[PDB]
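Visitor: Quick one, structure for this:
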Amino acid sequence: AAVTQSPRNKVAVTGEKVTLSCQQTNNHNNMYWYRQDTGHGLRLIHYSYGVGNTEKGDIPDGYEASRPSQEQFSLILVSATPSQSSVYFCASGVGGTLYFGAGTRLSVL
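Guide: Residues are numbered from 1 along each chain as shown. For reference, the structure is listed below:
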């Protein structure tokens, strides 16, 4: 897999800071973080057009993001809440191309 999510699973307690990391070997300019609730599609949280840039997606509230290097894009839940329990998916890409990670199941207790 050219896009790797770490951790693959996370169990958090309400209030804990959670960082989900996305690493790519695609050398793609863009990176993306999505949330997929059961029975819904992938909703865009934050994305990045390159190192040092983050842009708010459609559902940014409650998340921060970081693009510290060309190959890594992190999603940060500053203070986990039960409503943030979901499955999160990273993607790399350029133009219309999307290359997804395998997903991260997150349960906030």
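Visitor: next SSE after the helix or strand residue 33 falls within?
Guide: Element membership for residue 33, per DSSP states H and E: strand 30-36. Where DSSP H and E defines the elements, the next helix or strand beyond strand 30-36 is strand 42-48.
Visitor: residue boundaries of the strands in this protein?
Guide: With DSSP state E as the criterion, the chain has strands at 3-6, 9-12, 18-24, 30-36, 42-48, 55-56, 63-69, 72-77, 86-93, 99-100, 104-108.
Visitor: Summarise which helices and strands the fifth one is packed against.
Guide: Yep, that's strand 42-48 we're talking about. Strand 42-48 makes packing contacts with strand 30-36, strand 55-56, strand 63-69, strand 72-77 when contacts are defined by 3 or more CB pairs under 8 Å, 6 or more residues apart in numbering; DSSP states H and E. Yep, even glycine has a C-beta here, placed from its N, CA and C like the rest.
Visitor: Kindly state the beta-bridge partners for the residue nearest to residue 24 when sequence neighbours are not counted.
Guide: Leaving out its chain neighbours, the residue that sits closest to residue 24 by CB to CB, 6 or more residues apart in numbering is residue 92, at 4.2 Å. Beta-bridge pairing for residue 92 (DSSP bridges): residue 31, residue 99.
Visitor: Please report the distance of residue 92 from residue 35.
Guide: With distances taken as CB to CB, to the nearest Å, residue 92 is found 17 Å from residue 35.
Visitor: Please say which of the two ends up with more neighbours.
Guide: residue 92 (25 against 22; other CB atoms under 10 Å).
Visitor: unless I'm mixing things up, that one is touching residue 67, no?
Guide: No - Residue 92 lies out of contact with residue 67 (CB atoms under 8 Å); the separation is 11.3 Å.
Visitor: shared neighbours, the two?
Guide: residue 31 (CB atoms under 8 Å, 6 or more residues apart in numbering).
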